[PDB]
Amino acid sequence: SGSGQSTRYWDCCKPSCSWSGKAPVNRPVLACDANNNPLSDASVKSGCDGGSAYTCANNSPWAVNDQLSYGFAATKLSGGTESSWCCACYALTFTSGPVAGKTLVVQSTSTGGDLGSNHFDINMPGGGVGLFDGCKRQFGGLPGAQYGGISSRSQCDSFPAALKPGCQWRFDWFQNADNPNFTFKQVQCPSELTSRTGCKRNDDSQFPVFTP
């Protein structure tokens, strides 16, 4: 459905698609308590608003081969609304930086800030908390700059264990790419992603199957 710019983030906040009535889905994205246990109760208040609900650690990216990874993102799309992108999946093909040519299929779990025509803020632990430091409340905070997060792969060594794979993915398969550009198209969600969030759009079948 177009081209866009990526950034990186992990702020630990309850994802905005974890709330009820936001999109036509079977159920909202599962958030987690501070100890990474899934919350079936979608009314729990976000740890970024004085509450106790956080992003589940399984909202992390991973590689299945040197060409293809799966992950999650906050999206802000031209012509769209939360009701059209929450729990939708998109295949991104990177067009710049060291990852140019690689493919990342993400599910949207949240609404991102406006940046360019179709911003994808890609989840990766240690990518930066930005404006809301929920990770401070969840477990005392993550190292790293407010925007961009950590700068060395060793800094992943002190993360909560469940956050270390996604932290290291950023330096391994993602090659520490700094805000690469991409083209993207909406696709049916691989079960790899909807099994983690539990959230599947009623219109999922309206879009093409992803072929690796």
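One-based numbering along the sequence shown.
- Taking the PDB entry as given, 130 to 138 carries the higher mean Cα B factor of the two stretches 130 to 138 and 68 to 76.
- The question of which stretch, 150 to 158 or 55 to 63, has the higher mean Cα B factor is settled in favour of 150 to 158.
- Residue-level inspection of the entry shows that, of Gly101, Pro125, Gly113, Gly116, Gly101 has the top Cα B-factor.
- Per the deposited record, the Cα B-factor of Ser40 falls in the highest third when ranked against the other modelled residues of its chain.
- The entry lists a Cα temperature factor for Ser96 that places it in the highest third of the chain's modelled residues.
- For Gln168, the recorded CA temperature factor ranks within the lowest third of the chain's modelled residues.
- Sort the chain's modelled residues by C-alpha temperature factor and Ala177 lands in the lowest third, per the entry.
- Split the chain's modelled residues into thirds by C-alpha temperature factor. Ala34 is in the highest one.
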